[PDB]
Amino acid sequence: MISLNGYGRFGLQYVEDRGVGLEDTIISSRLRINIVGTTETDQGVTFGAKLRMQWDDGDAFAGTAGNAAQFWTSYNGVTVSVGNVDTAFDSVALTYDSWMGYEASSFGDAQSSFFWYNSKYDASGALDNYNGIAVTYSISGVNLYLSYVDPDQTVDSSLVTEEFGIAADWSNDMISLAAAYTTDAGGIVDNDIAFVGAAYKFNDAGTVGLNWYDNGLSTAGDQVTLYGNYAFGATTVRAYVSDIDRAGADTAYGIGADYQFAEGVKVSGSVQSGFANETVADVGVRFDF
């Protein structure tokens, strides 16, 4: 069986003083198409394969291509994936919950380098022999994630640096806890990163959370992000503040709102301020199909 799903998004993206001779405000848009092939068996084992075709405004050649394939095998809550995998640091819950605006971005996200699912081709040739293995296991409320990425699997393993990651999250109706740790993140020797987060659903309407990160060799040093969101009917209000250890850094912060226009249609906007005083703002729509 083959299924297709995806989303389109478009709107305005403002970056205060983007560059000499550059427009501060542009129309930023993205089209994402996922192609999923699945083979269900009567033994209860599912085999799947996925390809992504994603286009972003500004992409080279004004064209769209597919990325590198991902394969998986699923059985009784256990999923083993091979190829262009989702990694543990990128898959755990809570780590991206300060996201806001129609481009779902946040200075409050971890400021470190690590591997993640590659949505597109890479013209440098760097990902040509990149291969990962990932294992996920889900119990009721517990999620365990394991990932191993070899950036160049054809070369002897002792000559290249592999990324190894582990992560777990747990949640009940009101409290959520999550943690992750990855050694040699991004294939960088000694870039060891970690995350610990917690969130409290202090109503059926609000949430407040706190994420803490060790960003390894990144110049940001350790980081803390405090975020919260509140739903008023169809409109959701979001905010966050984040601090890094880098000497002289500013406190980053953002404020935004989402409006659920219809099932699958979300109008979003945000005003954010970065660690180096960058001012960014956006307003747009995302529609899922």
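Residue numbers run from 1 along the displayed sequence.
K.L.:
Would you determine, from the values in the PDB entry, which of 204 to 212 and 82 to 90 has the greater average C-alpha temperature factor?
P.N.:
According to the PDB entry, the answer is 204 to 212.
K.L.:
Tell me which stretch has the larger mean Cα B-factor in this entry, 56 to 64 or 38 to 46.
P.N.:
38 to 46 has the higher mean C-alpha B-factor.
K.L.:
When the CA B-factors of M100, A199, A110, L127 are compared as recorded in the entry, which is the largest?
P.N.:
Comparing C-alpha B-factors across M100, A199, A110, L127, the maximum falls on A199.
K.L.:
Name the one of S119, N131, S140, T95 with the greatest CA B-factor according to the PDB entry.
P.N.:
In this record, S140 carries the highest C-alpha B-factor of the candidates.
K.L.:
Which third, lowest, middle or highest, does the CA B-factor of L226 fall in along this chain?
P.N.:
Answer is middle: the recorded C-alpha B-factor places it there.
K.L.:
Within this chain, which third does the Cα B-factor at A69 fall in: lowest, middle or highest?
P.N.:
Answer is lowest: the recorded C-alpha B-factor places it there.
K.L.:
Hey, what third does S106 fall into on Cα B-factor, ranked over its chain?
P.N.:
According to the entry, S106 has a C-alpha B-factor in the chain's lowest third.
K.L.:
Place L12 in the lowest, middle or highest third of its chain's C-alpha B-factors, as listed in the PDB entry.
P.N.:
Tercile = lowest for this residue's CA B-factor.
K.L.:
Looking at the temperature factor on the CA atom of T251, which third of the chain's modelled residues does it land in?
P.N.:
It falls in the middle third of the chain.
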